[PDB]
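Structural overview for review
Chain residues, written in single-letter form:
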Amino acid sequence: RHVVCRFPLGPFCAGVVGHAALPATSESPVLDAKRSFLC
Amino acid sequence: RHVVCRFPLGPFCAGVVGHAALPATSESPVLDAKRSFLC
Amino acid sequence: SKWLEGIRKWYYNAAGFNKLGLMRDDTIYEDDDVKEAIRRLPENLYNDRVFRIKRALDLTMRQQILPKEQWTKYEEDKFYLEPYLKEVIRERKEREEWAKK
Amino acid sequence: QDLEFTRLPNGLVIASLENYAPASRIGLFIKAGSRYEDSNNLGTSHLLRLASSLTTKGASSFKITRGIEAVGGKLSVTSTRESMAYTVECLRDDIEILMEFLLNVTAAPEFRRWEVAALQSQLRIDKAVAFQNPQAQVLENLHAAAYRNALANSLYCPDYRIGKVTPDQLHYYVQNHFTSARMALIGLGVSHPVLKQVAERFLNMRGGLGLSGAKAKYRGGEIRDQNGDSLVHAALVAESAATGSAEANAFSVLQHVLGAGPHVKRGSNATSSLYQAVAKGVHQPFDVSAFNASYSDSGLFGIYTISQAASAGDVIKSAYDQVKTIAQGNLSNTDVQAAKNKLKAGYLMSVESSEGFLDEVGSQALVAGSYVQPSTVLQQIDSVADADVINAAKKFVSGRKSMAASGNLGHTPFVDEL
Amino acid sequence: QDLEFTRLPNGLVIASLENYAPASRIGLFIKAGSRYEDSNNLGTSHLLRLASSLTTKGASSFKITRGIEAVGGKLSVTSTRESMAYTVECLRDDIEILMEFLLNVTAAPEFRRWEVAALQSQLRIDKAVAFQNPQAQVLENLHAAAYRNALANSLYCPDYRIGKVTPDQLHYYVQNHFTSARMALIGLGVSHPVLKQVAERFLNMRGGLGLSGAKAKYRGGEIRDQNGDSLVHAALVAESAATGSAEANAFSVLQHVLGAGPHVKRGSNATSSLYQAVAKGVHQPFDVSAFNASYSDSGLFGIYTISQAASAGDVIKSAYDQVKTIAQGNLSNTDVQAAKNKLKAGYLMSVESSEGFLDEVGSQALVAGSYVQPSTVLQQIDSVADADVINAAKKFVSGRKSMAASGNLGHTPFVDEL
């Protein structure tokens with residue numbers, strides 16, 4: 001593989017919804033998954 | 001001599017005008033003394 | 001003395017803003033000084049005043065009165081707005097006195 | 001069938017898979033992004049990504065929008081740091097229509113002053129929406145700190161450049177980066193000859209091998225953001241290997257050894273070495289994973305930790321200590337095998353979806369110029385030895401550190417203190 | 001006559017000079033400032049500086065403003081990173097009134113919630129006005145990069161803290177830092193007994209050294225702004241010395257060797273070694289000078305340059321090389337003598353104005369214990385030798401360097417490249 005999609009978290013960090021135009025950006029694995037367990 | 005005014009240029013780097021209330025700040029000796037002359 | 005307290009309590013009962021759950025300072029006419037005093041209230045007191053006034057307006061819309069045990073008791077009526085109003089009035093008096101001379 | 005991969009004489013790479021799915025999905029991947037911006041055109045890629053529905057030579061903005069929405073199709077632009085992928089997905093019958101629109105968006109853009117000026121505010125709106133979550137800001141600071149150029153550029157336009165991206169800059173960017181040899185046209189549910197014909201019709205005017213950016217120079221700096229948030233997000237990384245190399249596979253296996261992400265909803269992440277190492281001394285809400293960015297010329301590997309403001313230093317030091325212990329050789333073969341299983345499963349799940357498969361094929365075509373079957377990827381994954389993972393951990397521990405932090409800080413260490 | 005000095009039992013310093021001038025000026029120098037803020041209350045000193053005219057237990061805001069304006073007096077607050085000075089100026093016949101206001105403002109504030117909430121936006125207004133010139137932001141970033149704990153704190157409230165500075169934080173800051181031992185009451189045009197009586201009347205309360213500030217730690221990082229301006233402002237400093245010590249005098253003489261001030265208007269800065277060194281290489285309009293900051297804990301000496309974006313790096317290099325030239329022992333004795341003459345003349349002209357003399361006396365009383373006559377200061381400057389200046393240059397060259405730049409930054413070097 002040669003994509004920045006290394007782990008399910010991180011890539012597609014900030015992808016906005018849309019139709020007929022919906023830009024998205026992809027950074028690298030940035031955690032925050034399982035963070036919501038506790039406030 | 002113990003002020004931050006070690007060199008006269010630089011200190012009083014930013015200070016607002018006023019009457020009956022006029023705050024001022026003093027950074028340290030800096031440049032932009034001869035900046036106006038050149039351009 | 002106790003005679004004055006008795007007549008004051010009787011008048012408080014007669015002026016039935018306690019029947020609507022309001023407090024004395026919720027019924028004051030909102031002139032400039034009262035508006036400024038309200039603007040200086042802490043957020044919790046302002047919210048409590050807003051809810052009490054809204055509830056009283058709803059009751060008067062329905063032409064009804066709060067249950068007897070929910071009326072504001074005279075002894076527990078707190079003059080929350082009085083200090084702020086006094087301060088605002090003192091400031092206005094000071095400005096006017098300066099303007100005189 | 002299988003993937004029909006082909007390289008055109010001009011350098012354009014077209015690949016097509018006929019899975020007979022009712023939906024058809026076509027992507028055009030271009031080797032253009034923030035990496036290929038200089039100090040004078042910062043933010044151009046952002047506006048270009050936001051400008052996929054502006055008027056073009058073939059169709060107008062109204063025509064593009066109404067035509068795409070009439071058949072129910074969707075046109076999206078995904079811009080990573082060193083690539084930009086346009087993609088139109090719709091039903092199998094209507095795909096041809098969208099294809100034209102797609103190649104009008106990229107091959108023949110027409111940036112009109114009024115349209116670009118109207119679009120300018122969309123940059124601010126999109127950046128605010130993206131930065132609603134702190135991870136984006138922390139990552140932008142991390143890439144700015146780690147590299148001196150190229151990869152240092154952020155995915156989003158700088159604030160001072162919001163209203164200053166001229167149409168001429170967009171035209172220059174498109175002309176110097178949207179070239180045939182930097183492009184790849186991948187299709188799912190599309191016959192190969194049709195894709196070749198459309199590529200010949202549109203993606204032939206611009207000669208290949210456009211303007212090439214410089215190699216990213218590692219900086220190893222630090223960027224600490226004081227924003228007073230209760231939770232501190234910290235990213236401490238060091239230069240790893242570039243993508244496509246064996247050491248990159250070693251770094252990915254190391255990331256899955258430390259723990260990339262949870263596999264059980266509301267789970268304790270027991271197999272995550274970093275999580276357990278931090279938990280032993282931190283009893284507050286926390287989260288720690290291994291950050292792994294792989295790029296064409298370089299890469300970053302490190303630890304990303306979300307922690308309490310007063311406990312950030314403890315969490316960061318615990319995660320760093322765990323990585324150091326792994327570097328010293330405290331790595332069991334069973335743990336390596338489990339991490340390899342996690343890596344293989346994650347890769348297969350990623351390519352399982354249509355979007356995942358499309359982006360994977362596009363990245364392979366844009367980086368290696370050829371497609372690799374998932375079996376070969378798995379074989380490369382299992383070829384990693386424990387020694388290789390230990391060496392990758394050593395390289396992280398004994399390498400120049402770049403860190404980006406965002407939160408109340410105060411108790412967050414500095415790169416030297418680590 | 002002669003300046004009269006006194007140390008009250010509680011620790012309060014009182015200095016009074018009777019020059020029989022028509023206008024009396026009284027200052028209260030408190031050892032507060034940005035360096036005494038922590039991560040949780042950043043910007044508190046900024047709001048305190050802006051809140052001199054708010055209501056106090058003795059006089060109301062309206063009363064303070066109207067009373068001060070009626071006699072034409074002025075109330076001003078000047079805050080550095082280690083000192084806050086409240087100064088009242090008016091005709092000598094009506095000084096007592098102002099004193100009361102002054103001694104109310106610093107001794108019995110109220111920080112009423114509504115007044116502070118109204119004042120919040122003034123923080124942003126003042127910050128924008130100050131940052132309208134790049135030097136302020138560049139020096140703020142330079143202090144943020146060079147130091148890490150105390151002096152890194154900026155003179156201006158952080159953006160996220162604009163509406164968050166609560167009255168409780170102001171009260172705590174005043175009660176913990178506006179203490180008798182941390183204060184000094186200076187007065188020009190006033191008699192010592194009256195100053196002593198007013199100090200006893202008001203400054204009797206809040207005794208003790210107050211909350212102790214943390215020792216400043218040197219970070220040696222770098223911050224790059226990238227605001228897109230044509231002109232790049234770049235500061236490159238290193239930990240120099242603490243104020244008062246002989247190293248401070250050596251660094252001052254070194255700064256005047258390199259050339260700080262412009263002197264002759266529209267001049268070629270012939271005596272300025274840095275300016276002529278850069279000039280022979282760069283022909284575009286640059287202007288450079290030497291930065292010298294002295295604080296109690298530590299200090300920063302370096303080079304501050306302005307340059308065109310394209311040639312900026314070259315400028316810095318040239319400037320840096322010049323200091324290296326001084327560090328290698330290439331320092332003529334006539335250059336040292338000329339620098340000493342310039343330093344002595346500049347110091348003497350600084351205390352020429354009542355503002356300058358009052359600030360000098362207040363700083364001496366706050367940092368040191370007593371007041372030193374100008375003749376002794378000139379003797380200290382004279383005692384500096386050429387070897388000491390060369391050693392200061394060597395210390396700057398060898399020491400780890402902190403940099404802060406603001407501009408296009410396309411060609412501005414990093415710290416490592418220097």
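Residues numbered from 1 in each chain as written, not as in the entry; some residues may be left out. Chains lettered and ligands numbered in written order. Part of a larger assembly, values for the part shown. Heavy atoms only, no water. Residues with missing side-chain atoms left out of burial classes, pairs and counts.

The record lists cryo-EM as the method behind this PDB entry and 2.78 Å as its resolution.

Looking only at helices and strands, chain A has zero helices and two strands in total. In terms of overall dimensions, chain A has C-alpha extents of about 40 × 30 × 10 Å along its principal axes. (Helix = DSSP H or I, 4+ residues; strand = E, 2+ residues; numbered from the N terminus.)

What follows concerns the environment of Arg266(E). Tracing the backbone shows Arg266(E) in the loop between α8 (246-258) and α9 (273-279). Take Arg266(E): its relative accessible area is 57%, and that puts it in the exposed class. (Buried < 20%, exposed > 50% of the residue type's maximum accessible area, 1.4 Å probe, protein only.)

Moving on to the sheet that holds strand β4 (residues 74-80) of chain D. Spatially, β1(A)-β2(A)-β4(D)-β5(D)-β3(D)-β6(D)-β2(D)-β1(D) is the arrangement adopted by the eight strands of the open sheet, whose pairing is mixed. Since the sheet does not close on itself, it has two edges, and those belong to β1 (14-15) of chain A together with β1 (4-7) of chain D, each with one partner. Relative to strand β2 (residues 24-26) of chain A, β1(A) is paired through two bridges, and the arrangement is antiparallel. Among the inter-strand pairings, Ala14(A) is bridged to a residue of β2(A), identified as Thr25(A). (Pairing = 2+ DSSP bridges.)

It is worth spelling out the interface of chain E and chain B at this point. Contacts between the two partners involve 70 residues from chain E and, on the opposite side, 31 residues from chain B. The element contributing the most residues to the side of chain E that touches chain B is strand β9 (residues 288-294) of chain E, with seven residues. Of the residues assigned to the side of chain E that touches chain B, the class counts are 32 nonpolar, 27 polar and eleven charged. Pairing of strand β2 (residues 22-25) of chain B with strand β4 (residues 74-79) of chain E, which is carried by four bridges, proceeds in the parallel orientation. Paired with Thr25(B) across the bridge in β4(E) is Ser79(E). (Contact = heavy atoms within 4.5 Å. Nonpolar A, V, L, I, M, F, W, Y, C, P; charged D, E, K, R; others polar.)

The biggest cluster of nonpolar side chains holds 72 residues, and the ones touching the most others in it are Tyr147(D), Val253(D), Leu254(D), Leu258(D), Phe291(D), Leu300(D) and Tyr304(D). With eight residues, the single largest contributor to this core is helix α10 (residues 312-327) of chain D. Once you skip the residues sitting within four places of it in the chain, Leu254(D) turns out to touch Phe301(D), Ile326(D), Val389(D), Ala392(D) and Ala393(D). Counting residues in each nonpolar core, the second largest holds 68 residues, with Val278(E), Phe286(E), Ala290(E) and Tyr304(E) among its members. (Core = buried A, V, L, I, M, F, W, Y, C linked by side-chain atoms within 4.5 Å.)

With that settled, consider helix α5 (residues 134-146) of chain D. Counting along an α-helix, one turn takes 3.6 residues, and residues three or four places apart therefore face a common direction. Residue and element names in this part refer to chain D. Here α5 spans 18 Å end to end across 13 residues, near enough to the 18 Å set by a 1.5 Å rise per residue. Burial analysis of α5 places ten of its 13 residues in the buried class, the great majority of the element. Turning to α5, its buried residues number three or more, namely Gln 135, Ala 136, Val 138, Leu 139, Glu 140, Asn 141, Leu 142, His 143, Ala 145 and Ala 146. Against the buried residues of α5 lie α4 (113-131), β7 (222-226), β8 (231-240), β9 (287-294), β10 (299-308) and β11 (401-407). (Expected span 1.5 Å × (residues − 1).)

In this section: the interface of chain E and chain C. Taken together, the contacts link nine residues of chain E with nine residues of chain C. Of the roughly 750 Å² buried at the junction of chain E and chain C (both faces included), carbon and sulfur atoms supply 59%. Our count for the chain E to chain C interface comes out at two salt bridges. The salt bridge involving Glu91(C) is made with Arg112(E); its shortest N-O contact spans 2.6 Å. At the surface where chain E touches chain C, the tally comes to five residue pairs in polar contact. Of all the elements in the fold, those that place two or more residues in the side of chain E that touches chain C are α2 (61-70) and α4 (113-131) of chain E. For the side of chain E that touches chain C, the leading source of residues is α2(E), giving five residues. (Buried area = accessible area lost by both parts, 1.4 Å probe. Salt bridge = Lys/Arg side-chain N within 4 Å of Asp/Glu carboxyl O. Polar contact = N/O pair within 3.5 Å; in protein donor to acceptor, adjacent residues only side chain to side chain.)

Among the secondary structure elements, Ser311(D) is positioned in the loop between β10 and α10. Residue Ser311(D) is classed as buried on the basis of its relative accessible area of 8%.

What follows is about the packing of aromatic side chains. Tallying each qualifying case throughout the model produces 21 aromatic pairs over all chains. The structure contains a cluster of three or more aromatic residues connected by ring pairs, namely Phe251(D), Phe301(D), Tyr320(D) and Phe396(D). One cation-aromatic arrangement involves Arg49(E) over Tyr156(E); the distance from NZ or CZ to the ring centre is 5.4 Å. Above the plane of the ring of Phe414(E) lies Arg224(E), whose end atom (NZ or CZ) is 4.0 Å from the centre. (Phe/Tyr/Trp six-rings, centres within 6.5 Å; stacked < 30°, edge-to-face > 60°. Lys NZ or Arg CZ within 6 Å of the ring centre and 35° of its normal.)

Our focus in this paragraph is helix α6 (residues 167-177) of chain D. The complete set of buried residues in α6(D) reads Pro167(D), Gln169(D), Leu170(D), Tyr173(D), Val174(D), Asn176(D) and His177(D). For α6(D), the elements touching its buried residues are β3 (23-30), α1 (44-50), α3 (95-106) and α4 of chain D.

Let us now look at the pairing of β8(D). All names here are of chain D. By the criterion of burial, β8 is predominantly enclosed, with nine of the ten residues buried. Of the strand pairs in this sheet, β8 and β10 are connected by ten bridges, and their pairing is antiparallel. In the sheet register, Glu 239 faces β10, and the bridge partner there is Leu 300. Inspection of the sheet shows β8 paired to β11 by six bridges, in the antiparallel sense. Counted as the bridge partner of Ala 235 is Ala 404 from β11.

Attention now moves to unusual backbone geometry. Residue and element names in this part refer to chain E. Located in the positive-phi region is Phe 111, a residue other than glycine, with phi close to 50 degrees. Residue placement: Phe 111 occurs in the loop between α3 (95-105) and α4. Notably, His 263 is not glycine yet its phi reads approximately 60 degrees, a positive angle. Within the secondary structure, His 263 is located in the loop between α8 and α9. Given the relative accessible area of 57%, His 263 is considered exposed.

Most of strand β6 (residues 183-188) of chain D is tucked away, with six of its six residues classed as buried. Side chains of β6(D) alternate between two faces, with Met183(D), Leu185(D) and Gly187(D) and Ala184(D), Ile186(D) and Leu188(D) buried alike.

Let's shift gears to the pattern of salt bridges. Here the idea is simple: oppositely charged side chains can pair when their charged atoms come close. In this structure the tally under the stated criterion is 48 salt bridges over all chains. Residues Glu222(D) and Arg224(D) are paired through a salt bridge, measuring 3.4 Å at the closest nitrogen-oxygen approach. Across the pair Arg92(E) and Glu18(E) runs a salt bridge whose closest N-O atoms are separated by 2.8 Å. Of the two residues, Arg92(E) sits in the loop between β5 (84-91) and α3 while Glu18(E) sits in the loop between β2 (13-17) and β3 (23-30), which places them 74 residues apart along the sequence. Classification of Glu18(E) by relative accessible area gives buried; the value is 13%. Each of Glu36(C), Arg40(C), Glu87(C), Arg90(C), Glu91(C), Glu110(E), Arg112(E) and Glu115(E) takes part in a single network of salt bridges with overlapping partners.

What follows deals with the arrangement of the chains. No other pair of the four pairs of chains in contact has as many contacts as chains B and E. The least C-alpha distance between chain A and chain C, which are not in contact, is 25 Å. Where chain C comes nearest to chain D, the C-alpha atoms are still 23 Å apart, and the two do not contact one another.

Moving on: the sheet that holds β3(E). Pairing in this open sheet of eight strands is mixed, and the strands run β1(B)-β2(B)-β4(E)-β5(E)-β3(E)-β6(E)-β2(E)-β1(E) from one edge to the other. Edge positions in the sheet fall to β1 (14-15) of chain B together with β1 (4-7) of chain E, since each of these pairs with one other strand and no more. As paired elements, β3(E) and β5(E) share eight bridges and run antiparallel to each other. Looking across to β5(E), one finds that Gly27(E) is bridged to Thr87(E).

So, about empty space enclosed by the protein. Residue and element names in this part refer to chain E. Approximately 60 Å³ is the volume found for the largest cavity. Considering the residues around the largest cavity, the lining is formed by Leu 48, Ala 51, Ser 52, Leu 54, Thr 55, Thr 56, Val 105, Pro 109, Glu 110 and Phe 111. A per-class count over the lining of the largest cavity returns six nonpolar, three polar and one charged. In this model, the second largest cavity occupies a volume close to 50 Å³. Together, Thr 106, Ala 107, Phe 178, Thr 179, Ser 180, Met 183, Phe 202, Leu 203, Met 205 and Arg 206 line the second largest cavity. When its residues are assigned to classes, the lining of the second largest cavity shows six nonpolar, three polar and one charged. (1 Å grid on protein atoms, 1.4 Å probe; cavity = no way out; pocket = protein on both sides within 12 Å on 5 of 7 lines; lining within 4 Å. Points joined across faces, edges and corners; volume = space filled by probe spheres on them.)

Here we take up the packing of helix α11 (residues 333-350) of chain E against helix α13 (residues 374-383) of chain E. The packing of two helices is summarised by the inter-axis angle and the distance between the axes. All names here are of chain E. Between α11 and α13, the least distance of the axes is 10 Å, while the angle of their chain directions is 160 degrees. It follows that α11 is roughly antiparallel to α13 by the angle criterion. Crossing geometry of α11 relative to α13 is assigned as right-handed. Of the residues in α13, those touching α11 at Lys 340, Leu 343, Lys 344, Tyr 347 and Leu 348 are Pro 374, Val 377, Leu 378, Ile 381, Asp 382 and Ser 383. When grouped by side-chain class, the residues that make up the contact of α11 with α13 number seven nonpolar, one polar and three charged. (Axes fitted to C-alpha atoms, helices over the stretch in contact; angles between N-to-C directions. Parallel < 35°, antiparallel > 145°, perpendicular 65-115°, else oblique. Left-handed = near helix turned anticlockwise from the far one by under 90°.)

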